[PDB]
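Undergrad: please find the sequence and an experimentally derived structure below.
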Amino acid sequence: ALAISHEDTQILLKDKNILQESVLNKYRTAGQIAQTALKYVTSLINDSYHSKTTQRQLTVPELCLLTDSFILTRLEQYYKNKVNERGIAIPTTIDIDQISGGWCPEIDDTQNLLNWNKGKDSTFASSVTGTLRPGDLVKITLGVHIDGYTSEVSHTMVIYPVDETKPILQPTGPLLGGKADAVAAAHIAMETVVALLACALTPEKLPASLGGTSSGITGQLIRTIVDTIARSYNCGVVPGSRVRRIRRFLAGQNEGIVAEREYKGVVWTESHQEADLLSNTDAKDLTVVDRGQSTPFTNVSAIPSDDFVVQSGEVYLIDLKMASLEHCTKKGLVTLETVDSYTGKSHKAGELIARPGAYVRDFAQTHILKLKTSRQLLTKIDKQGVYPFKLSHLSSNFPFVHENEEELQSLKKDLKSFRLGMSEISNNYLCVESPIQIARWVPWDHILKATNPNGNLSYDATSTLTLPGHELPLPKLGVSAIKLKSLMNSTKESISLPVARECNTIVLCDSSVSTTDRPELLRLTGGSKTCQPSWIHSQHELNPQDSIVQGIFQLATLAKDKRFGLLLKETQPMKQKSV
Amino acid sequence: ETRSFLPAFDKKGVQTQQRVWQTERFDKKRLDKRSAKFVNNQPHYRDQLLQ
Amino acid sequence: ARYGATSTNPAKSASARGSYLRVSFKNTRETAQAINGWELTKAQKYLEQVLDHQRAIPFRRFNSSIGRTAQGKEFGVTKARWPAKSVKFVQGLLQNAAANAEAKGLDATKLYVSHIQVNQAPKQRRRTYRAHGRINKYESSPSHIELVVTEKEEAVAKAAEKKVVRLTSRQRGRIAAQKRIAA
Amino acid sequence: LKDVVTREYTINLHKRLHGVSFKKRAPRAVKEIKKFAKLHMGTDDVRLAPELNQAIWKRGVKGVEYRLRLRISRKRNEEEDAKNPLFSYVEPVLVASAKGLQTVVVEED
Amino acid sequence: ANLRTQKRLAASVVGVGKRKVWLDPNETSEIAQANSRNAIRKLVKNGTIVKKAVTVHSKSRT
RNA sequence: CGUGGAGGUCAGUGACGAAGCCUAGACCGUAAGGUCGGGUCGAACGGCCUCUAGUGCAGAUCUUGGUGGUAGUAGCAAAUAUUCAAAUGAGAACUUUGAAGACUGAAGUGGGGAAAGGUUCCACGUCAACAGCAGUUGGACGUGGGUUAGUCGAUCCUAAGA
RNA sequence: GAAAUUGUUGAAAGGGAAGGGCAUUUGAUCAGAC
Ligand SMILES: [Mg+2]
Ligand SMILES: [Mg+2]
Ligand SMILES: [Mg+2]
Ligand SMILES: [Mg+2]
Ligand SMILES: [Mg+2]
Ligand SMILES: [Mg+2]
Ligand SMILES: [Mg+2]
Ligand SMILES: [Mg+2]
Ligand SMILES: [Mg+2]
Ligand SMILES: [Mg+2]
Ligand SMILES: [Mg+2]
Ligand SMILES: [Mg+2]
Ligand SMILES: [Mg+2]
Ligand SMILES: [Mg+2]
Ligand SMILES: [Mg+2]
Ligand SMILES: [Mg+2]
Ligand SMILES: [Mg+2]
Ligand SMILES: [Mg+2]
Ligand SMILES: [Mg+2]
Ligand SMILES: [Mg+2]
Ligand SMILES: [Mg+2]
Ligand SMILES: [Mg+2]
Ligand SMILES: [Mg+2]
Ligand SMILES: [Mg+2]
Ligand SMILES: [Mg+2]
Ligand SMILES: [Mg+2]
Ligand SMILES: [Mg+2]
Ligand SMILES: [Mg+2]
Ligand SMILES: [Mg+2]
Ligand SMILES: [Mg+2]
Ligand SMILES: [Mg+2]
Ligand SMILES: [Mg+2]
Ligand SMILES: [Mg+2]
């Protein structure tokens, strides 16, 4: 049928989201294939920097292609005939200190980036370059779908100087910044929620000073914890984080813009940062506009974070970005700032002028194209699934079995032809770009002096349903992203922050799904090879005497045993080197 | 997909462009009533029947 | 607001006012007075009928030169019409009135239209063209309307008889004689 | 109430168009048919199958035929309530001569 | 929908009079989306649009 | 008798309402006019003694502005002609499409230009005002796109002339 | 925010104009009084 009906809404959404064996093996191939990916990048990363000189330092644009084209290597070999949709979920995005995410440069642009920032520099000298300097917090985000099922990898690798005084290649010294306080806060919190999602399968071995038997896991439980880990480490939980439930051809990030009925998850926005500061005075007055936008199934898609309660037979994503705080006297709001392609906006030496390297196709928007180049891109972008891509993936030569300079040239000549079909699509809004954002801290005392004539609440943002419209909530009434930039753009009070982003996928299985085990926790992108911390020393950590903290140490070593009723598997990577 | 979009509307635009057509119409009628009198001024007219 | 003066109790009445509408002032004023004082449910059906030419609007003031019809006999006048456009706006103000009434909590079958008035909007001005190359004003007589519906109160019967009686000294002794006679 | 009919009427157009303006003659027939069918089955909502149109105009504005054989159907109105639940539909019947034919109920099946 | 333009381009692409252009009444939503010549091209060969036959002037009588 | 301004005076009146305006409410004066109450209004004004003048209106086929009666009347009639369905639509005599009927009938109601127009061409949006009925359409309104010459013109030559 | 002019309500009146004058009737409406 052309009509999408209630018969099939049931056949598509609940069915393919049934946990069955045919389904799990698709996820299992993704767990390794993705970890087989990070293990490859990780390899290439240190080969260039940590050890001896291999005759070129790879660049970030360099490592992106090799990474991606490797993740094509592994989808050639699996479900080749069996499955129609197999591809890259999120493109390799290598990020640096102040960058939240969204950074996926094509090869073409290292002379473009270089050019634009030629004048304004010295903060970002790593990003523009592509060469990575020491003492950086570097995310690597990968994801892959097989048959529309997504496994995502995110990890924060710190790079070190190189000490050859020890023949053993020792990364001299620990990481002594408040920087490292972030990555060990996320590394801690990652294990934190890892052990929490085990207790919703059965209320067995669940921390007593916390939940009881009344709630295996609640909307409030997980949220109370992570902000505890934060306030513990004084690391601001980023406004971009979430804990998500996933489906076939439905994942959290795929479309942040397009709406989802029957929404399941924990959400974190700036509308939540006032509630924590505003828990001092308990005033319940909500000043509300009656607008009927995102009205359809508002109940399900409003993203209630209290009503989420963990189930078994669900696939979850844990997404955590924790912004460190260099000491900030007056309390402030943690926000994200967006990076543009136009130099003129700014005379500030600290700005980044760059280009978005990720894209998305909205099947909602239909516009007839007059150009013949932007048409060949359109019917091609539709020859791929519902997930974000860059213009390189679309081509004949992109996997490029034998990598030559002749092939590096084959793609560059194509990128330009696809640049031109990209203009005509991006202006007609048939496709949305991925926001490239920075970590931005703001003083509370700018926003409370705020004087505004009111204005546009109009929908320009990738932000999700409810929270975005006013951004800073109603109790701050009068503020939208626009007046927020204005505030954020009085700059003596502005500052930016390092970030540690961590992505784990967790598949809850009962004893019907996992036989040999009894009820289990499957960690995809959790492999012992991928989750390695880096040398870190921070004086904050581990606040005792809070009933929620003492319950995490109880639960921290609880998942540490094989008498633990829920056995936590870690998918091991694949074998890389073959020749 | 639950996102339901008909709406695009701005009162500021409609209302404030409303006065505009309403002001200038007031000025066009006013250029009419100034000249209404002698609009029919016809020097060097030839009566057909009069002597 | 500030309507034309009302003898109504404001709490029990509803009100609707359009303005600067495009309509014959001379025609809409007529259609008004046809329905003035009526019950609402009534007049509504009536205007409907007129729109089909079952009833008409007697033209009681600006009548001059019109054609005389049978349907006039009803109101006992020979001059009447079916001002189709004039009605659309009255129904409009009637339709609305019914609605503003129900949000105040007033009974829909106890409603009637007490107060209906139409005065003149600023005339609007075009150009027109005549023989010998002259020019004349070409205009409309746009019309203000307001409609105040009342909740029928028949509950008023009040006893007012005020006698401060000055009777003369003669007049007193002469009543005293009628009541001495064992009236 | 009223029930859902069909019939076949011959109409005398010759008499109804008598002495009309040659230029407006045909267009009358259009009105004289809609009026005629609001007579029988006083439905008041009458529609004309464009074939019938080609029948009324086949001879030109001045040349309308003397007699038509017309299939008229009373049917129910849909959605969007019109003042009437009920319908009227006139369309042609292809026939040698309109002459000497009697009104007939065509039994629907 | 307003199909004037589509009928104009039809006469130009087909290269025949607006008299002789047929637009499928049932296709009125699809023809709407034409808006350019090369699109009309597709529609013309597709058969949603058609160049109507020349009316006849017969010389047999003469 | 009154009016616009000046010198003087009532240590005059006034945001607890000044001036103005409305008033089949009162009062003095033959009258010109003064005086009070009510309503409306929101910032300056009045009495006496004197000075001054662009100092008093029913008119002038008076000057500009404003409005009736006439009157929902005159009229909206040349160019042979329109009709049925569907679509769109808060709404269709008039828009779009199909169908049928007709007209210009090659000295055309066709296809191109000069003079003049200056964006009226085209498209997306749109219906307050304009298209002497309508309006979902437009030579209207709002946002934009559109004119590519070694060979077509100007340019050069000379004509009556300047 | 005046007048002309106009709508609504109130009152009043009217056999080919209306309007004024002297005078009192009937209807309204107000001062003086101590
Ligand atoms: Mg005059
Ligand atoms: Mg007369
Ligand atoms: Mg007459
Ligand atoms: Mg004229
Ligand atoms: Mg002339
Ligand atoms: Mg005759
Ligand atoms: Mg005086
Ligand atoms: Mg003066
Ligand atoms: Mg005053
Ligand atoms: Mg008076
Ligand atoms: Mg003078
Ligand atoms: Mg004067
Ligand atoms: Mg005068
Ligand atoms: Mg005069
Ligand atoms: Mg006049
Ligand atoms: Mg007339
Ligand atoms: Mg006319
Ligand atoms: Mg005439
Ligand atoms: Mg004519
Ligand atoms: Mg017409
Ligand atoms: Mg002819
Ligand atoms: Mg002829
Ligand atoms: Mg022409
Ligand atoms: Mg031309
Ligand atoms: Mg045009
Ligand atoms: Mg248009
Ligand atoms: Mg008009
Ligand atoms: Mg109009
Ligand atoms: Mg224009
Ligand atoms: Mg050449
Ligand atoms: Mg030449
Ligand atoms: Mg005013
Ligand atoms: Mg007056």
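TA: Ah, there it is. Residues are numbered from 1 along each chain as shown, chains lettered A, B, ... in the order given. Ligands and ions are numbered 1, 2, ... in the order given.
Undergrad: could I get the buried residue list for the helix or strand hosting residue A:42?
TA: Using DSSP states H and E, residue A:42 sits within helix A:21-48. By neighbour count on 16 or more other C-beta atoms under 10 Å in any protein chain shown, the buried set for helix A:21-48 is A:23-24, A:26-42, A:44-46, A:48. Where you see a C-beta, it was placed from the backbone N, CA and C, and this is true even at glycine.
Undergrad: close to chain C: what parts of chain B are there?
TA: B:25, B:28-29, B:32-33, B:36, B:39-40, B:42 (C-beta under 8 Å from any C-beta of the partner chain).
Undergrad: in PyMOL, how would I select just the buried ones from these?
TA: A single PyMOL command selects the buried members of the residues of chain B next to chain C (16+ other C-beta under 10 Å):
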select buried, chain B and resi 32
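Undergrad: what is the nearest of the residues of chain B next to chain C to residue D:108?
TA: Of all the residues of chain B next to chain C, residue D:108 sits closest to residue B:25, with 60.5 Å by C-beta to C-beta.
Undergrad: once you drop chain neighbours, what's closest to that closest one?
TA: residue C:124 (7.6 Å; C-beta to C-beta, 6 or more residues apart in numbering or on different chains).
Undergrad: so what's the one you found up against?
TA: B:25, B:29, C:139-140, C:142 (C-beta atoms under 8 Å, 6 or more residues apart in numbering or on different chains).
Undergrad: how near is it to RNA strand F?
TA: The spacing between residue C:124 and RNA strand F, counted by C-beta to the nearest atom of the strand, to the nearest Å, is 6 Å.
Undergrad: hey, what's that residue bridged with?
TA: residue C:140 (DSSP bridges).
Undergrad: roughly how far apart are it and residue A:287?
TA: Separation of residue C:124 from residue A:287 (C-beta to C-beta, to the nearest Å) stands at 43 Å.
Undergrad: now swap in residue A:567 and tell me
TA: Noted for residue A:567: a distance of 50 Å to residue A:287, by C-beta to C-beta.
Undergrad: which helices and strands sit right next to whichever helix or strand comes after the helix holding residue A:42?
TA: Next helix or strand after helix A:21-48 toward the C-terminus (DSSP H and E): helix A:60-73. On a contact count with 3 or more C-beta pairs under 8 Å, 6 or more residues apart in numbering or on different chains; DSSP states H and E, helix A:60-73 meets helix A:21-48, strand A:86-94, strand A:137-146.
Undergrad: recalculate using a threshold of 6 Å.
TA: helix A:21-48, strand A:86-94 (3 or more C-beta pairs under 6 Å, 6 or more residues apart in numbering or on different chains; DSSP states H and E).
Undergrad: nearest to chain B, out of those?
TA: strand A:86-94 (19.6 Å; C-beta to the nearest C-beta).
Undergrad: that closest one: partners in the sheet, and parallel or antiparallel?
TA: strand A:137-146 (antiparallel).
Undergrad: helices of chain E, residue ranges please.
TA: E:4-13, E:37-46 (DSSP state H).
Undergrad: out of these, which is closest to residue A:547?
TA: That would be helix E:37-46 among the helices of chain E, by C-beta to C-beta, at 68.6 Å.
Undergrad: and residue 25, what does it touch?
TA: Answering for chain A, as no chain was given. Going by C-beta atoms under 6 Å, 6 or more residues apart in numbering or on different chains, residue A:25 touches no other residue.
Undergrad: other chain: chain C
TA: Residue C:25 touches C:120, C:141, C:143, counting by C-beta under 6 Å, 6+ apart.
Undergrad: what's the closest of those residues to chain A?
TA: residue C:143 (34.5 Å).
Undergrad: correct me if wrong: the closest one contacts residue C:23.
TA: Yes. Taking C-beta atoms under 6 Å as the definition, residue C:143 is a contact partner of residue C:23 at 4.8 Å.
Undergrad: ok, back up a step: residue A:59: which of the helices of chain E is closest?
TA: Using C-beta to C-beta, the nearest of the helices of chain E to residue A:59 is helix E:37-46, at 42.3 Å.
Undergrad: relative orientation of the closest one and helix E:4-13 in degrees?
TA: 70 degrees (axes from the mean of the first three to the mean of the last three C-alpha atoms, to 10 degrees).
Undergrad: who are the packing partners of helix E:37-46?
TA: Using 3+ C-beta pairs under 6 Å, 6+ apart: helix E:37-46 touches helix E:4-13.
Undergrad: who touches the helix it packs on?
TA: Under C-beta under 6 Å, 6+ apart, the answer for helix E:4-13 is E:17-18, E:21, E:31, E:34, E:37, E:40, E:49.
Undergrad: beta-bridge partners for residue A:442, please?
TA: Beta-bridge partners of residue A:442, as defined by DSSP bridges: residue A:333.
Undergrad: closest to RNA strand G out of the contacts of residue C:124?
TA: residue C:142 (12.6 Å; C-beta to the nearest atom of the strand).
Undergrad: who touches the closest one in this structure?
TA: With the criterion set at C-beta under 6 Å, 6+ apart, residue C:142 makes contact with C:20, C:22, C:121.
Undergrad: cool, and residue C:58?
TA: Here residue C:58 is in contact with C:72, C:75, C:77, C:80 (C-beta under 6 Å, 6+ apart).
Undergrad: try 8 Å
TA: Contacts of residue C:58 (C-beta under 8 Å, 6+ apart): C:30, C:34, C:72, C:75, C:77, C:79-80.
Undergrad: ok, residue C:130 next?
TA: residue C:136.
Undergrad: the closest residue to RNA strand G within chain E - how many residues pack around it?
TA: Using C-beta to the nearest atom of the strand, residue E:2 is the residue of chain E that sits closest to RNA strand G, at 44.0 Å. The local packing of residue E:2 (other C-beta atoms under 10 Å in any protein chain shown) involves 6 other residues.
Undergrad: list phi and psi for it.
TA: Backbone geometry at residue E:2, expressed as degrees, to the nearest 10, gives phi -110, psi 110.
Undergrad: so what's the residue count around the residue lying closest to residue A:175 once chain neighbours are set aside?
TA: Spatial nearest neighbour of residue A:175, excluding adjacent residues (C-beta to C-beta, 6+ apart): residue A:536 at 4.9 Å. By other C-beta under 10 Å, 18 other residues sit near residue A:536.
Undergrad: quick one: contacts for residue A:536?
TA: Here residue A:536 is in contact with A:158, A:174-175, A:180-181, A:183-184 (criterion: C-beta under 8 Å, 6+ apart).
Undergrad: returning to that earlier point: list just the one of the helices and strands packed on helix A:60-73 that sits closest to residue A:381.
TA: Once the helices and strands packed on helix A:60-73 are compared by C-beta to C-beta, strand A:86-94 is nearest, at 12.2 Å.
Undergrad: so that closest one versus helix A:60-73, what angle?
TA: 160 degrees.
Undergrad: next, the angle from strand A:86-94 to helix A:21-48.
TA: Using the same axes, to 10 degrees, strand A:86-94 lies at 30 degrees relative to helix A:21-48.
Undergrad: so how far is strand A:86-94 from its chain's centroid?
TA: Centroid separation for strand A:86-94 versus its chain: 12 Å, with C-alpha atoms, centre = their mean, to the nearest Å.
Undergrad: for the helix or strand just after that strand, list every residue counted as buried.
TA: Per DSSP H and E, the first helix or strand lying C-terminal to strand A:86-94 is helix A:110-116. Residues A:110, A:112-113, A:116 are the ones in helix A:110-116 that count as buried (16+ other C-beta under 10 Å).
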